[PDB]
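Right, one structure below, let's go through it.
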Amino acid sequence: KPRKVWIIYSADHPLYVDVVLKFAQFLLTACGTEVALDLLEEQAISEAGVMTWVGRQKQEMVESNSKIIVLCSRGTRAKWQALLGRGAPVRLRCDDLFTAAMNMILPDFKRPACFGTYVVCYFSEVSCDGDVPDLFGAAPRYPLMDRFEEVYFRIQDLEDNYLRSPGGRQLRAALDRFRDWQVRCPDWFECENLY
């Protein structure tokens with residue numbers, strides 16, 4: 001049985017969604033890791049609840065000793081602030097499973113035994129440390145891809161080089177493309193936010 005993983009993220013813009021999908025594919029084609037990703041299960045999410053689906057993903061990871069990757073970004077920051085009632089609610093065009101997933105995993109962060117399940121990341125090219133919700137507090141943060149090595153170790157239970165691995169250049173092209181856009185359109189996030 002290959003390593004399985006659940007990716008949690010905020011769908012901030014079609015370009016960042018593509019970054020996320022390319023990462024998922026990199027994990028599969030470069031690391032032989034199976035990924036639970038909401039993009040890939042729209043039907044299941046449709047029929048079962050969104051809460052039912054999120055609850056089902058977490059359950060499968062924890063009981064199989066598999067990791068939950070938290071991908072942090074501009075949207076995870078804003079959605080967390082909203083959850084805290086210290087920022088307006090967010091209504092993103094691409095949406096909200098990140099908020100649902102945050103509700104689901106929340107209690108785990110008063111449980112030290114549960115921290116090793118979570119792998120807290122953000123892509124340094126398009127996102128920043130300040131994007132990580134303080135819910136994760138003292139959990140290690142991995143700037144990707146600078147520190148993907150460490151994330152790999154955790155996914156594998158152990159103890160720009162990825163560009164030559166299958167799917168690495170595609171992920172990097174996706175990163176570059178979103179980055180250039182944030183430069184071209186600095187208010188990209190605010191444009192994604194409806195009402």
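Going by the structure tokens order, chains are called A, B, ..., each with residues numbered from 1, while ligands are numbered from 1 in the order shown.
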
Report task. List the neighbours of range 25-41 of chain A out to 9 Å using only C-alpha atoms; skip same-chain residues closer than 3 positions along the sequence, and give me the result as a ChimeraX atom specification. Result -> /A:2-8,17,20-22,44-46,57,97,152,155,162,165-168,170-171

Query raised in the report: Which residues come within 12 Å of range 72-83 of chain A, counting only C-alpha atoms, excluding same-chain residues fewer than 5 positions away, as JSON, numbers by chain?
Result: {"A": [7, 8, 9, 10, 11, 12, 13, 16, 17, 19, 20, 88, 89, 90, 91, 92, 93, 94, 95, 96, 97, 98, 99, 100, 101, 102, 103, 106, 119, 120, 121, 122, 123, 124, 125, 126, 127, 128, 129, 130, 131, 132, 133, 134, 135, 136, 141, 142, 143, 144, 182, 187, 188, 189, 190, 192, 193]}

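Backbone DSSP over range 126-182 of chain A yields alpha helix (DSSP H) at residues 148, 149, 150, 151, 152, 153, 154, 155, 156, 168, 169, 170, 171, 172, 173, 174, 175, 176, 177, 178, 179, 180, 181 and 182 of chain A.
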
For the residues in the current selection, export C-alpha atoms as a PDB file, in the first residue's frame.
ATOM      1  CA  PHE A 148       9.773  19.957   0.421  1.00  0.00           C
ATOM      2  CA  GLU A 149      12.457  17.471   1.470  1.00  0.00           C
ATOM      3  CA  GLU A 150      11.216  17.694   5.062  1.00  0.00           C
ATOM      4  CA  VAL A 151       7.585  17.331   4.019  1.00  0.00           C
ATOM      5  CA  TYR A 152       8.600  14.255   2.075  1.00  0.00           C
ATOM      6  CA  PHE A 153      10.185  12.745   5.181  1.00  0.00           C
ATOM      7  CA  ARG A 154       6.937  13.233   7.100  1.00  0.00           C
ATOM      8  CA  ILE A 155       4.736  11.754   4.358  1.00  0.00           C
ATOM      9  CA  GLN A 156       7.141   8.825   4.236  1.00  0.00           C
ATOM     10  CA  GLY A 168       8.194  19.141 -11.117  1.00  0.00           C
ATOM     11  CA  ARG A 169       8.488  21.488 -14.110  1.00  0.00           C
ATOM     12  CA  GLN A 170       4.683  21.544 -14.473  1.00  0.00           C
ATOM     13  CA  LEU A 171       4.280  22.558 -10.796  1.00  0.00           C
ATOM     14  CA  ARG A 172       6.972  25.177 -11.249  1.00  0.00           C
ATOM     15  CA  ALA A 173       5.341  26.527 -14.402  1.00  0.00           C
ATOM     16  CA  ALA A 174       2.059  26.786 -12.427  1.00  0.00           C
ATOM     17  CA  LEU A 175       3.852  28.609  -9.588  1.00  0.00           C
ATOM     18  CA  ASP A 176       5.606  31.020 -11.971  1.00  0.00           C
ATOM     19  CA  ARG A 177       2.354  31.702 -13.793  1.00  0.00           C
ATOM     20  CA  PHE A 178       0.388  32.600 -10.616  1.00  0.00           C
ATOM     21  CA  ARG A 179       3.297  34.668  -9.336  1.00  0.00           C
ATOM     22  CA  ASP A 180       3.473  36.766 -12.535  1.00  0.00           C
ATOM     23  CA  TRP A 181      -0.281  37.334 -12.251  1.00  0.00           C
ATOM     24  CA  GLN A 182      -0.142  38.643  -8.649  1.00  0.00           C
TER      25      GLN A 182
END

Requested in this report: Give me every strand (DSSP E or B) residue in range 21-192 of chain A, going by DSSP on the backbone, as a PyMOL selection string.
Outcome: chain A and resi 34-36+67-71+92+118-123+141-144

Write a file of the selected residues as a short mmCIF file (atom, residue, chain, number, x, y, z; two decimals), in the first residue's frame, keeping N, CA and C atoms.
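File out09.cif, as written:
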data_model
loop_
_atom_site.label_atom_id
_atom_site.label_comp_id
_atom_site.auth_asym_id
_atom_site.auth_seq_id
_atom_site.Cartn_x
_atom_site.Cartn_y
_atom_site.Cartn_z
N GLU A 34 -0.65 8.66 -3.11
CA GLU A 34 -2.07 8.88 -3.40
C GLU A 34 -2.57 10.10 -2.66
N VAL A 35 -3.35 10.93 -3.35
CA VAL A 35 -3.83 12.17 -2.75
C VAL A 35 -5.34 12.25 -2.74
N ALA A 36 -5.90 12.53 -1.57
CA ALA A 36 -7.30 12.91 -1.47
C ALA A 36 -7.36 14.41 -1.70
N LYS A 67 -0.89 11.46 6.59
CA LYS A 67 -0.70 12.88 6.86
C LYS A 67 -1.79 13.76 6.25
N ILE A 68 -2.03 14.90 6.88
CA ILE A 68 -2.91 15.90 6.32
C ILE A 68 -2.08 17.13 6.03
N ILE A 69 -1.95 17.44 4.76
CA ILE A 69 -1.17 18.59 4.35
C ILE A 69 -2.07 19.82 4.36
N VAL A 70 -1.72 20.81 5.18
CA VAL A 70 -2.43 22.07 5.16
C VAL A 70 -1.71 23.09 4.27
N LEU A 71 -2.25 23.34 3.08
CA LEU A 71 -1.68 24.35 2.20
C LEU A 71 -2.22 25.73 2.55
N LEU A 92 -15.55 33.35 -2.01
CA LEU A 92 -14.66 33.25 -3.17
C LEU A 92 -15.33 32.62 -4.40
N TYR A 118 -0.44 16.62 10.97
CA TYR A 118 -0.56 17.81 10.13
C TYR A 118 0.78 18.31 9.62
N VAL A 119 0.82 18.61 8.33
CA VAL A 119 2.02 19.15 7.68
C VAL A 119 1.71 20.53 7.10
N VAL A 120 2.17 21.54 7.82
CA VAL A 120 1.74 22.91 7.54
C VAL A 120 2.71 23.59 6.57
N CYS A 121 2.20 23.86 5.36
CA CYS A 121 2.98 24.42 4.27
C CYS A 121 2.36 25.65 3.64
N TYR A 122 3.17 26.32 2.83
CA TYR A 122 2.74 27.38 1.93
C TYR A 122 3.83 27.55 0.86
N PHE A 123 3.44 27.83 -0.38
CA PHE A 123 4.42 28.04 -1.45
C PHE A 123 5.01 29.43 -1.38
N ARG A 141 6.40 24.87 10.03
CA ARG A 141 5.86 25.44 8.82
C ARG A 141 6.85 25.10 7.77
N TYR A 142 6.40 24.68 6.62
CA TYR A 142 7.33 24.37 5.56
C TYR A 142 7.14 25.25 4.36
N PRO A 143 8.06 26.16 4.13
CA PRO A 143 8.06 26.92 2.87
C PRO A 143 8.36 25.94 1.74
N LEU A 144 7.43 25.80 0.80
CA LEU A 144 7.60 24.95 -0.39
C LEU A 144 7.97 25.82 -1.61
#

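Between residue 61 in chain A and the residues A:48, A:84, A:114, A:15, the shortest atom-to-atom distance, using only C-alpha atoms, involves A:114.
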
Requested in this report: Enter the distance from CA of residue 147 in chain A to CA of residue 163 in chain A, in Å, rounded to one decimal.
Outcome: 13.8 Å
